[PDB]
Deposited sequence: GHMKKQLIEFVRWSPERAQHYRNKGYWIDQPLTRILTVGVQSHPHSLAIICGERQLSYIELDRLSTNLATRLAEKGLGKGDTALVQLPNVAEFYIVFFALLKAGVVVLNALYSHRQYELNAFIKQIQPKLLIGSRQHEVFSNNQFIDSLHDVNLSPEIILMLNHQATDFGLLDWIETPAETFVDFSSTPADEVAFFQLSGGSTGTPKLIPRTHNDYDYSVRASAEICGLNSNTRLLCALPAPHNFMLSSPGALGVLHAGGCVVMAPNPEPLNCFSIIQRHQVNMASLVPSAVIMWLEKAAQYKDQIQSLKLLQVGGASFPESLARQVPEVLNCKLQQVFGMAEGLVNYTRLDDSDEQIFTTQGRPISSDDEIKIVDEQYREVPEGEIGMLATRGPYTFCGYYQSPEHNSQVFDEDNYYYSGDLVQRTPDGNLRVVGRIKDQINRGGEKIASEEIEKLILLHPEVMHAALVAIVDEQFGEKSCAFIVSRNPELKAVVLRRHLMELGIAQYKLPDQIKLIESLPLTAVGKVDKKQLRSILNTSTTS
């Protein structure tokens, strides 16, 4: 009956973050509950031909939660989920949040090796995947787990075979018998994020810290109930999920519009069809869009805001976003470990085109340090160290690595090389291995 173990914030910091109104001690399911009360029939998710309202998202995720609870899956248990960019990803995410099951969302691009590693670490009693994924093409992988005593109690499959438990069947109808269930407490783990050598590391995220980053991001990006956000990046990625991502849009009462990937022609027609007004991309995908955008200018006119995060996004490329994609640019530099930086919507051109913005929170603390861990003079390049109301305090079950990436004041060293501009924004300059 024990809850998942994780490294806590110091009580003085926890109190401060409550005093500031950052941590409001609500489960992530708050996003749905509130949406259902205010606008139950407005669209929450558009996926291909499907239109899921707020109340449908709520009903369906409740259905699945009741069936997991009926099977004795709840607080103290974990789940591994691997689904593509479809509405069922969010139905499942909210169901597990409701049931108090700590979920790890694998990327759909992850393979047997990553999945095996994730299973050993969290020992999930629930596994949800797709029969269309290579790893679940046959039963070779599933059988291998019995051999090592790592078989989950329940396996659900999207695109199921006749002898599978069908994910859609566990979603469409509630359980026959009532068993009590609830979310994990708000200052306890809700789910595992993944770091971005070796398999990704597990980042425990609490309801308090994740909800805060979501609510605060939604305000920064000016989301509202008319927001239609394209979800073309992997749905589980911190960027696509929380920055402000699908959760941010749901928090603001808007609609998520799914796309399987960032391929421009398909994305452009989805943008046109649903009048998408916001999208989020990495630089390699921005380039692809730029190459087709002149010719398909008509299809993408409705875009009002494009977020770009990730690799290297030089000024000359950034300036092409408003020029060619005919929308405002926002640069985003974040990490699944916590800290996210945004250029603001009212920042100057120079800030927007040449920087990766500034932190969500006035209580995001940042040190920029040299090789001897001394704070560099203002404006100079150094290694980023950070802590704040939504930055984690250690990887899951990883005390040795944690000791190497945190200092005594619990600052996290991300490996990023940055400099603070005279205007107050960060410029990401490189990485230390």
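S.K.: Tell me which segments of the deposited chain sequence are not represented by C-alpha atoms in this structure.
M.R.: Going by the record, the segments left unmodelled (no C-alpha atoms) fall at 1-4, 201-202, 440-544.
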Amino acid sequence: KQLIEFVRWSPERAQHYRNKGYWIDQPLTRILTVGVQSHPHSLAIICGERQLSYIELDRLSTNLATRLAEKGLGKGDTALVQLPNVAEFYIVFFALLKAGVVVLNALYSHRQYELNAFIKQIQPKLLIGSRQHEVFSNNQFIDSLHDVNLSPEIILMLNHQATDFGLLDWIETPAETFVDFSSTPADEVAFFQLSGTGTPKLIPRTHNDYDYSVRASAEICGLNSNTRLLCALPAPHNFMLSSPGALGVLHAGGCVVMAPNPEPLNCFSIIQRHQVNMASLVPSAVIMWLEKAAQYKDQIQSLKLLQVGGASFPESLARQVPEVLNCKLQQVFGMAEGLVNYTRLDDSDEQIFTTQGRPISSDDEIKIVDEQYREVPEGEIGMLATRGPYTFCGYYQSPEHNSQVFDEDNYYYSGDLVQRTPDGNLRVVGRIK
From here on, numbers count along this sequence of modelled residues.
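Rigid core (definition): largest C-alpha set, two forms, superposition within 1.5 Å.
S.K.: Comparing 306-314 with 273-281, which has C-alphas lying farther from the shown form in 4 other deposited structures of this protein once the core is aligned?
M.R.: Stretch with the higher C-alpha RMS distance in 4 other deposited structures of this protein: 306-314.
S.K.: Which of the two stretches, 106-114 or 219-227, shows the higher mean Cα temperature factor in the record?
M.R.: 106-114 has the higher mean C-alpha B-factor.
S.K.: Mean C-alpha B factor from the entry: is it higher for 42-50 or for 66-74?
M.R.: The deposited B-factors put 66-74 ahead on the C-alpha mean.
S.K.: Could you check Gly388, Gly379, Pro27, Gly394 and tell me which one carries the biggest Cα B-factor in the deposited entry?
M.R.: The record points to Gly379.
S.K.: Which one of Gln331, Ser361, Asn266, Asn138 shows the biggest C-alpha B-factor in the PDB entry?
M.R.: The record points to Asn138.
S.K.: Can you work out whether the C-alpha temperature factor of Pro11 puts it in the lowest, middle or highest third of the chain?
M.R.: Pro11: CA B-factor falls in the middle third of its chain.
S.K.: According to the PDB entry, is the CA B factor of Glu88 in the bottom, middle or top third of its chain, that is, lowest, middle or highest?
M.R.: Tercile = middle for this residue's CA B-factor.
S.K.: Where does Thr354 sit by CA temperature factor within its chain: lowest, middle or highest third?
M.R.: Middle third, going by the recorded CA B-factors of the chain.
S.K.: Place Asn425 in the lowest, middle or highest third of its chain's C-alpha B-factors, as listed in the PDB entry.
M.R.: For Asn425, the deposited C-alpha B-factor lands in the highest third.
S.K.: Thinking about Cα B factors across the chain, which third does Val148 belong to?
M.R.: CA B-factor rank for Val148: highest third.
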